[PDB]
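Presented as structure tokens, the chain that follows is alone, the form deposited in one PDB entry.
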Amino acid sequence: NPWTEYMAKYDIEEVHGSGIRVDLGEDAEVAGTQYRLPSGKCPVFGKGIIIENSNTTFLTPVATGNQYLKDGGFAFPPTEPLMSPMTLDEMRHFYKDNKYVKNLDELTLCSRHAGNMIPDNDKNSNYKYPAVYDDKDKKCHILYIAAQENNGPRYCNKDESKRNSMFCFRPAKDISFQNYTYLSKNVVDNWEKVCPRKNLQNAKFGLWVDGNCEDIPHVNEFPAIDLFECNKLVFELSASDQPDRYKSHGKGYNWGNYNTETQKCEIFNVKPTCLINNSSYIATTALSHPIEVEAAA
């Protein structure tokens, strides 16, 4: 298989190793309770969180002090000195003296910055907050809330007049989330080499068998008007750690072959191991950015 190293980034179970839609792949002990934590090793491009029946954007700080719960989002509340949000520039300055961190790309720097805060009860230093990097404003947002999905009248309430009740929410990709990248504490600093990012133009994921690249023999077809919508669908169906019985370890419907002419998002759940040259196809994954395309060149 001459495809082996090229295709290595597509073995999501190995290079990511956690949920994608919902990433709660590790447990962190804090005063004797095991809290669930994001732990995927790849950046999830375009993922954000939608709070249901709400105008509150999830990068809004969590409610503190005298605010209502439903008035805050998921992000770190103001601190002294102010840790979040922090611009790329601020981070480079703040971490200027640190040998390992000072020169990291923006996503890994944002992950290491979020993972720098030890909660005061965490005697063993286990707990590392996830983060969202917004590359339009170039700001790292540490997420105080690590949860990514909460539905059902049982655990959330959509009633906008009950403003100290727990809100419902879900992970999503959305055109408005295009500039967001969701980062676990485990984001690897060489993600650029070992993780999906770009959608592959003129290529169809296949399986290498006995010297030849075969079509994926069974796929789940969803209509989709464009690549963006295909990437969204794959994301919705991808590895999820949402209720180690609840851990996906990165197993799920993480790949799609998008046929631009038939507008079919062909979604499948095994690692592909080669590419087929087909001008009708764009190869996407739940991790990949929902817009960016790598030229056939």
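Each form is matched to the other, and the largest set of C-alpha atoms that superpose within 1.5 Å is called the rigid core. One rule holds for the numbers: they count along the sequence shown, beginning at 1.
This next part talks about the form deposited in another entry, which is not shown.
Student: Core aligned, which of 97, 89, 159, 221 has the Cα that shifts 2 angstroms or more between the shown form and the other one?
Tutor: Spelled out, the residue whose C-alpha shifts by 2 Å or more is 159.
Student: Aligning on the core only, does the CA of residue 135 end up 2 angstroms or more away between the shown form and the other one?
Tutor: No, its C-alpha moves less than 2 Å.
Student: Please check if residue 70 moves between the shown form and the other one, taking a CA shift of 2 Å or more relative to the superposed core as movement.
Tutor: Moves: yes, 2 Å or greater.
Student: Mind checking the CA-CA distance of residue 149 and residue 162 in the other entry? It differs by 3 Å or more from this form, so is it closer or farther?
Tutor: Compared with this form, residue 149 and residue 162 lie closer in the other entry.
Student: Are residue 142 and residue 155 closer or farther apart at the Cα level in the other entry than shown, by 3 Å or more?
Tutor: Compared with the shown chain, residue 142-residue 155 is farther in the other entry.
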